[PDB]
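This report concerns only the one structure given below.
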Amino acid sequence: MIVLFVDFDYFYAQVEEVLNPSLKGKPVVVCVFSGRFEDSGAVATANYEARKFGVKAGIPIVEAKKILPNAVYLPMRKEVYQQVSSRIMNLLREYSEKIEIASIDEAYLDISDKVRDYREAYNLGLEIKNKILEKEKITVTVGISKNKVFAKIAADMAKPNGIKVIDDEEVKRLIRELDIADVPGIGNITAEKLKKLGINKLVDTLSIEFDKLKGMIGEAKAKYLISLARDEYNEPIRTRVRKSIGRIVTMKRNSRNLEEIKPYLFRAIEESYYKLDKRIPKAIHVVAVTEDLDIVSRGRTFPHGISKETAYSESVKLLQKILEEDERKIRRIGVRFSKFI
DNA sequence: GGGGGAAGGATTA
DNA sequence: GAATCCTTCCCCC
Ligand SMILES: *[C@H]1c2c(cc3ccc4cccc5ccc2c3c45)[C@@H](O)[C@H](O)[C@@H]1O
Ligand SMILES: [Ca+2]
Ligand SMILES: [Ca+2]
């Protein structure tokens with residue numbers, strides 16, 4: 001299997017740079033202004049000019065303005081990015097039927113039946129970068145290797161506007177030398193447990209009692225890392241099927257008053273139902289973000305599809321169960337639908 | 001024992 | 001911006 005992964009560079013920010021060329025060169029920051037006060041909210045992403053100074057995805061807008069008070073701050077325009085993303089994804093389908101769209105700006109192509117070696121794969125990578133640059137003027141980074149994980153790692157090492165191949169030999173080298181925290185799917189919580197077990201490389205997972213690893217990070221995570229360590233990871237590139245769809249809305253002020261929360265809840269339902277677009281869910285979950293930012297959720301699965309009216313009455317029951325079983329004030333209230341027919 | 005499915009919390013980019 | 005993962009609990013052959 002030969003996998004080719006594409007990751008659009010600082011995507012949201014780059015799309016804004018494309019719709020407004022004067023932004024190129026300056027530091028650009030795309031935000032999600034929450035609506036609580038003056039500049040409440042967080043940074044969704046920033047271009048490299050801004051990242052040079054520590055302004056990156058995740059930090060509060062307030063902090064970003066203390067680092068770069070003069071950068072360009074743009075409100076996120078998700079619909080526009082999604083549209084551009086759809087177009088670029090269509091460019092990608094002309095290079096392979098087997099394609100896995102992982103997120104708004106990441107996709108995996110199984111090009112095993114299109115190239116004979118990594119040299120041909122690397123050239124197809126350039127072709128793709130050129131085509132996207134030609135049609136949409138967006139630079140992306142290509143990663144290529146024997147499987148999805150290494151193709152992704154390959155792109156992480158080469159971004160921005162890069163391209164890299166990780167042949168079978170370098171895979172073996174990385175299995176011994178790559179910091180295990182840089183492996184896709186290993187986030188902080190998992191990385192800290194591996195450090196506290198003396199595991200810093202994938203290879204280290206081969207010399208520990210399985211049950212001890214499975215006990216600290218879970219069976220799936222353990223089998224996953226072990227299979228990568230043994231150079232036996234080969235998950236196929238499959239089509240992604242959206243499994244849940246929802247919306248959560250931040251309330252004007254945190255509350256525990258059902259009648260005060262209702263309007264927001266119902267808004268989340270209306271939005272979600274639109275997003276569903278012809279999809280009929282059998283399951284619904286009301287999701288609450290408490291004042292201390294913890295997440296409490298209550299759901300229900302029906303034996304038939306949920307109609308909007310049913311979603312209305314059921315979400316209220318579910319909201320009370322949350323209010324009943326938890327005493328904290330609610331900050332954000334939302335809904336999530338799943339188990340489509 | 002384990003296939004099968006529902007539910008809630010954990011974890012991730 | 002949200003979505004999937006993972007672990008536990010339980011019906012039933
Ligand atoms: C948006 C938000 C937040 C946390 C996460 C955590 C992990 C994610 C993995 C993949 C996609 C994704 C999209 C939005 C996310 C994610 C992820 C919150 O910190 C934030 O409040 C928003 O909900
Ligand atoms: Ca990206
Ligand atoms: Ca990590």
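By convention in this document, the chains of the structure tokens carry letters A, B, ... by their order, each chain's residues are numbered from 1, and ligands are numbered from 1 in the order they are shown.
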Problem set entry | Residues within 8 Å of ligand 2, counting only C-alpha atoms (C1' of nucleotides) and all ligand atoms, as a count of residues only | 8
Find the nearest atom pair between each residue of chain B and ligand 1 for residues within 8 Å, count only C-alpha atoms (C1' of nucleotides) and all ligand atoms, give distances in Å to one decimal, sort rows by chain and ascending number, and present the table as a Markdown table.
```
| residue | atom | partner | partner_atom_place_in_ligand_line | distance |
| --- | --- | --- | --- | --- |
| B:11 | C1' | ligand 1 | 7 (C) | 7.6 |
| B:12 | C1' | ligand 1 | 7 (C) | 4.3 |
| B:13 | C1' | ligand 1 | 9 (C) | 3.7 |
```
For this session: Compile the contact shell of residue 12 (chain C) as an NGL selection string: residues with an atom at most 12 Å away, counting only C-alpha atoms (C1' of nucleotides), same-chain residues fewer than 6 positions apart removed.
Result: :B and (2-4)
Problem set entry | Nearest candidate to residue 5 (chain C) (options A:82, A:218, A:318, A:189; using only C-alpha atoms (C1' of nucleotides)) |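 When distances to residue 5 (chain C) are compared using only C-alpha atoms (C1' of nucleotides), the smallest one comes from A:218.
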Problem set entry | Protein and nucleic residues near ligand 3, 9 Å, only C-alpha atoms (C1' of nucleotides) and all ligand atoms, as a ChimeraX atom specification | /A:180-188,190-191
Please dump the current selection as a PDB file, in the first residue's frame; keep N, CA, C and O atoms.
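So again-v6.pdb came out as:
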```pdb
ATOM      1  N   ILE A 180       7.518   9.369  20.722  1.00  0.00           N
ATOM      2  CA  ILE A 180       6.196   8.746  20.686  1.00  0.00           C
ATOM      3  C   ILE A 180       5.029   9.695  20.872  1.00  0.00           C
ATOM      4  O   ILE A 180       3.876   9.346  20.593  1.00  0.00           O
ATOM      5  N   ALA A 181       5.303  10.902  21.349  1.00  0.00           N
ATOM      6  CA  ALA A 181       4.218  11.857  21.531  1.00  0.00           C
ATOM      7  C   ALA A 181       3.825  12.466  20.197  1.00  0.00           C
ATOM      8  O   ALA A 181       2.769  13.092  20.081  1.00  0.00           O
ATOM      9  N   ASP A 182       4.669  12.296  19.185  1.00  0.00           N
ATOM     10  CA  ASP A 182       4.362  12.871  17.895  1.00  0.00           C
ATOM     11  C   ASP A 182       3.592  11.918  16.992  1.00  0.00           C
ATOM     12  O   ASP A 182       3.410  12.190  15.809  1.00  0.00           O
ATOM     13  N   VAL A 183       3.108  10.817  17.557  1.00  0.00           N
ATOM     14  CA  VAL A 183       2.349   9.835  16.793  1.00  0.00           C
ATOM     15  C   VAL A 183       0.853  10.217  16.749  1.00  0.00           C
ATOM     16  O   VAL A 183       0.230  10.484  17.787  1.00  0.00           O
ATOM     17  N   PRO A 184       0.256  10.263  15.547  1.00  0.00           N
ATOM     18  CA  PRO A 184      -1.167  10.611  15.443  1.00  0.00           C
ATOM     19  C   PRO A 184      -1.999   9.799  16.442  1.00  0.00           C
ATOM     20  O   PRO A 184      -1.825   8.573  16.557  1.00  0.00           O
ATOM     21  N   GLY A 185      -2.886  10.475  17.177  1.00  0.00           N
ATOM     22  CA  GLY A 185      -3.739   9.788  18.137  1.00  0.00           C
ATOM     23  C   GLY A 185      -3.195   9.760  19.547  1.00  0.00           C
ATOM     24  O   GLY A 185      -3.856   9.279  20.470  1.00  0.00           O
ATOM     25  N   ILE A 186      -1.983  10.261  19.737  1.00  0.00           N
ATOM     26  CA  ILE A 186      -1.409  10.282  21.064  1.00  0.00           C
ATOM     27  C   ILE A 186      -1.399  11.721  21.520  1.00  0.00           C
ATOM     28  O   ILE A 186      -0.537  12.523  21.115  1.00  0.00           O
ATOM     29  N   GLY A 187      -2.385  12.040  22.352  1.00  0.00           N
ATOM     30  CA  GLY A 187      -2.515  13.375  22.896  1.00  0.00           C
ATOM     31  C   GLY A 187      -1.891  13.391  24.264  1.00  0.00           C
ATOM     32  O   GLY A 187      -1.421  12.367  24.755  1.00  0.00           O
ATOM     33  N   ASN A 188      -1.918  14.556  24.890  1.00  0.00           N
ATOM     34  CA  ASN A 188      -1.330  14.776  26.196  1.00  0.00           C
ATOM     35  C   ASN A 188      -1.586  13.742  27.245  1.00  0.00           C
ATOM     36  O   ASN A 188      -0.654  13.225  27.862  1.00  0.00           O
ATOM     37  N   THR A 190      -2.391  10.782  26.953  1.00  0.00           N
ATOM     38  CA  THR A 190      -1.752   9.531  26.638  1.00  0.00           C
ATOM     39  C   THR A 190      -0.242   9.662  26.683  1.00  0.00           C
ATOM     40  O   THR A 190       0.441   8.758  27.126  1.00  0.00           O
ATOM     41  N   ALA A 191       0.277  10.804  26.261  1.00  0.00           N
ATOM     42  CA  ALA A 191       1.717  10.999  26.228  1.00  0.00           C
ATOM     43  C   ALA A 191       2.344  11.028  27.607  1.00  0.00           C
ATOM     44  O   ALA A 191       3.480  10.584  27.776  1.00  0.00           O
TER      45      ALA A 191
END
```
Within 9 Å of chain C: each chain A residue with its shortest pair, only C-alpha atoms (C1' of nucleotides), as a tab-separated table:
```
residue	atom	partner	partner_atom	distance
A:32	CA	C:1	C1'	8.2
A:44	CA	C:1	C1'	8.6
A:76	CA	C:1	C1'	8.7
A:78	CA	C:1	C1'	7.2
A:218	CA	C:6	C1'	7.9
A:219	CA	C:6	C1'	8.9
A:220	CA	C:6	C1'	8.0
A:242	CA	C:3	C1'	8.6
A:243	CA	C:3	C1'	7.9
A:244	CA	C:3	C1'	6.8
A:245	CA	C:3	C1'	8.0
A:246	CA	C:2	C1'	7.6
A:247	CA	C:2	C1'	7.7
A:248	CA	C:2	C1'	8.7
```
For this session: Enumerate the residues of region 162-333 of chain A with a DSSP assignment of helix (DSSP H, G or I), computed from the backbone, and present them as a VMD selection string.
Result: chain A and resid 168 to 177 180 to 182 188 to 195 202 to 207 210 to 217 219 to 229 258 to 276 308 to 325
Problem set entry | All residues 12 Å or closer to residue 64 (chain A), only C-alpha atoms (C1' of nucleotides), same chain fewer than 4 positions away omitted, as a list in words |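 Final neighbour list, sorted by chain and number: residues 27, 28, 29, 30, 31, 39, 40, 41, 42, 43, 44, 45, 46, 50, 51, 53, 54, 55, 56, 57, 58, 59, 60, 68, 69, 70, 71, 72 and 73 of chain A.
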For this session: Excluding residue 297 (chain A) and any residue of its chain fewer than 6 positions from it, enumerate the residues within 8 Å of it, using only C-alpha atoms (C1' of nucleotides), and give them as number ranges by chain.
Result: A: 285-288, 322; B: 8
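As for CA of residue 130 (chain A) and CA of residue 170 (chain A), they are spaced 26.4 Å apart.
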Problem set entry | Which of A:310, A:320, A:250, A:301 sits closest to chain B [using only C-alpha atoms (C1' of nucleotides)] |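 Result for the nearest residue to chain B: A:301.
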For this session: Rank A:329, A:114, A:298, A:282 by their smallest atom-to-atom distance to chain B, using only C-alpha atoms (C1' of nucleotides), and report the top residue only.
Result: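 Closest residue, counting only C-alpha atoms (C1' of nucleotides): A:298.
Interatomic distance, CA of residue 253 (chain A) against CA of residue 36 (chain A): 8.1 Å.
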Exercise. Just asking: which residues within region 85-233 of chain A are strand (DSSP E or B) according to DSSP, as a PyMOL selection string?
Worked result: chain A and resi 99-103+106-110+140-145+163-166
Output the selection as an mmCIF file, in the first residue's frame - N, CA and C atoms for each residue.
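What follows is the written file again-v9.cif:
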```cif
data_model
loop_
_atom_site.group_PDB
_atom_site.id
_atom_site.type_symbol
_atom_site.label_atom_id
_atom_site.label_comp_id
_atom_site.auth_asym_id
_atom_site.auth_seq_id
_atom_site.Cartn_x
_atom_site.Cartn_y
_atom_site.Cartn_z
ATOM 1 N N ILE A 99 -10.252 7.500 -1.351
ATOM 2 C CA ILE A 99 -9.866 8.707 -0.658
ATOM 3 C C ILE A 99 -10.605 8.841 0.663
ATOM 4 N N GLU A 100 -9.870 9.246 1.692
ATOM 5 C CA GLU A 100 -10.469 9.379 3.006
ATOM 6 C C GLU A 100 -10.329 10.802 3.439
ATOM 7 N N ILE A 101 -11.443 11.515 3.508
ATOM 8 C CA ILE A 101 -11.418 12.917 3.913
ATOM 9 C C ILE A 101 -11.476 12.906 5.419
ATOM 10 N N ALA A 102 -10.360 13.212 6.063
ATOM 11 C CA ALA A 102 -10.284 13.163 7.518
ATOM 12 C C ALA A 102 -10.816 14.369 8.259
ATOM 13 N N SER A 103 -10.744 15.542 7.639
ATOM 14 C CA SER A 103 -11.285 16.755 8.277
ATOM 15 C C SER A 103 -11.438 17.833 7.226
ATOM 16 N N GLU A 106 -7.784 17.863 5.548
ATOM 17 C CA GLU A 106 -6.895 16.716 5.511
ATOM 18 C C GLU A 106 -7.527 15.560 4.768
ATOM 19 N N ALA A 107 -6.765 14.922 3.888
ATOM 20 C CA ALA A 107 -7.282 13.785 3.177
ATOM 21 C C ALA A 107 -6.165 12.822 2.851
ATOM 22 N N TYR A 108 -6.527 11.535 2.869
ATOM 23 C CA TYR A 108 -5.667 10.388 2.561
ATOM 24 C C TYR A 108 -6.077 9.765 1.230
ATOM 25 N N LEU A 109 -5.082 9.529 0.382
ATOM 26 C CA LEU A 109 -5.309 8.896 -0.928
ATOM 27 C C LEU A 109 -4.554 7.584 -1.038
ATOM 28 N N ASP A 110 -5.262 6.501 -1.343
ATOM 29 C CA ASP A 110 -4.585 5.223 -1.514
ATOM 30 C C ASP A 110 -4.238 5.254 -3.013
ATOM 31 N N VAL A 140 -0.429 23.369 0.036
ATOM 32 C CA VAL A 140 -0.688 22.276 0.921
ATOM 33 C C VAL A 140 0.619 21.518 1.124
ATOM 34 N N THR A 141 0.630 20.554 2.041
ATOM 35 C CA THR A 141 1.810 19.761 2.319
ATOM 36 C C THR A 141 1.461 18.279 2.095
ATOM 37 N N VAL A 142 2.313 17.587 1.354
ATOM 38 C CA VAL A 142 2.074 16.204 1.069
ATOM 39 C C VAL A 142 2.992 15.312 1.874
ATOM 40 N N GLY A 143 2.422 14.215 2.363
ATOM 41 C CA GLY A 143 3.161 13.231 3.135
ATOM 42 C C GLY A 143 2.929 11.899 2.437
ATOM 43 N N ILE A 144 3.968 11.089 2.286
ATOM 44 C CA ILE A 144 3.800 9.826 1.598
ATOM 45 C C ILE A 144 4.565 8.720 2.317
ATOM 46 N N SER A 145 3.932 7.565 2.457
ATOM 47 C CA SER A 145 4.579 6.459 3.103
ATOM 48 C C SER A 145 3.758 5.188 2.934
ATOM 49 N N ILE A 163 6.750 18.552 1.073
ATOM 50 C CA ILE A 163 6.400 17.233 0.566
ATOM 51 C C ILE A 163 7.506 16.283 0.996
ATOM 52 N N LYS A 164 7.133 15.125 1.525
ATOM 53 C CA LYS A 164 8.139 14.181 1.970
ATOM 54 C C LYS A 164 7.719 12.730 1.845
ATOM 55 N N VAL A 165 8.697 11.865 1.610
ATOM 56 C CA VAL A 165 8.415 10.432 1.539
ATOM 57 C C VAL A 165 9.128 9.821 2.734
ATOM 58 N N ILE A 166 8.523 8.791 3.313
ATOM 59 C CA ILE A 166 9.106 8.066 4.430
ATOM 60 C C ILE A 166 9.103 6.628 3.937
#
```
Exercise. Between A:228, A:199, A:18, A:311, which has the minimum distance to residue 281 (chain A) (counting only C-alpha atoms)?
Worked result: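 Answer, going by the shortest atom-to-atom distance: A:311.
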